[PDB]
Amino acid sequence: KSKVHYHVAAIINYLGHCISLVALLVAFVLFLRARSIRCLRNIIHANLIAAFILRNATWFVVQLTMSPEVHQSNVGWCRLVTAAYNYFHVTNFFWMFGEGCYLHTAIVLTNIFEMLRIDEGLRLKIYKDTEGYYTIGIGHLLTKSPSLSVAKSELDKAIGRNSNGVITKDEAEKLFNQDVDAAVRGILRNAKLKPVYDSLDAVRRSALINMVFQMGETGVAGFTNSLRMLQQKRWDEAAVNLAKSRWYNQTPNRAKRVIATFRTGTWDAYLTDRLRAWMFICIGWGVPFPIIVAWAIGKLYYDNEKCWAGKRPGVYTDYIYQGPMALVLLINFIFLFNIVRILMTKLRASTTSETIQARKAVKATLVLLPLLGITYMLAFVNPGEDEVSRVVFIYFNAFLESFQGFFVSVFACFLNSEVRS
């Protein structure tokens, strides 16, 4: 009677898992093959794809060793496959968490404010600079009167709220943005920088602007030859020239980051200052294990049944690993809609290299989410009518969970188009 449903679905669920594995495996080969794999972006991709390969491969193992007879027998190796299968599931979320972390910071934590937040450094309390003048936020000069009580007045007037010598990180941003325009204003007046500035693009204007904040215009107007190459799009030559500057000799790190930003026209210099691979390898592969270890003990005491694949009401141990998965999915949601707030509001006007590639990423993450997300959503709720819908619910399920591999294979291969096009 019901086994009719089950033998039919088993074919659907079996067939797609084959397409999903060839698709995933092909993509995997493509990632390792290209020189694109030195970059952080694809390491996450390559590792994300690997995690799904291992999980999809275990689906066949689970199938070709799972009967009630085996189940009734808590066999040693039987509980291992269940533990492994569930382990890979935690991985999937945690490597997707990697994709999310990376994406988020790339869009949000990667701009001009952040760039100078690193280089110049941000202080939230009124202090004195090298010249004895009052400064607050990121190198923002308040007043040249040696009287602090006047600095607060100006700080308060500019901010609009009684500071008492302190502002938030939020406010320093506004002050910083107010300073950029002033910097941008001056450059354009100048006859030595403006032609060069007008030639550059967003990421490199930010680089020039950066140099402006460090040395002022008159200081940056000096090199002449360096800016000449930047004007003529001779990037590599410009980079070598800026190395020789005593600017570089005096402050090595800032130069590197600013100069490399000139050379590549990307924030890869700044973006990859905090984001490293080993961090992700610990999150993706190294954290799912203690999670499973705790879940094993829970299965030991409370529910030691059917190779831990059995479901015994009403003590639930599957929450030990599903919990973190749900938490991780939650954090990623906050990220996703954090990005959108930045996308729709403070980047609506902009159309740049990073932006085109920013919105095309969220589009993908918004397309993928239903496809993956539905199978988990449906789980919580049942028919119901128990009619045909029950068949649909059940028959819909196989197609979706089976073709995850294919979805993920193209999504990751989509991000190879997204990078530049």
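Heads up: residue numbers just count along the shown sequence, starting at 1.
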- Averaging C-alpha B-factors over each stretch, which comes out higher, 38-46 or 372-380? 372-380
- Taking the deposited Cα B-factors and averaging over 321-329 and over 239-247, the higher mean is found in 239-247
- Task: Sort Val70, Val367, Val61, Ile53 by C-alpha B-factor from the entry and give me just the highest.
- Result: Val70
- Message: For the CA B factor values reported in this entry, which option in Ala57, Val26, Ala358, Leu32 has the top one?
- Response: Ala358
- What third of its chain, lowest, middle or highest, does the C-alpha temperature factor of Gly286 fall into? lowest
- Which third, lowest, middle or highest, does the CA B-factor of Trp308 fall in along this chain? middle
- Of the three thirds of Cα B-factor ranks in this chain, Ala349 occupies the highest
- Task: Just say lowest, middle or highest third for the CA B-factor of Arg123 relative to the other modelled residues in its chain.
- Result: middle
- Sorting the chain's CA B-factors, does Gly265 end up in the lowest, middle or highest third? middle
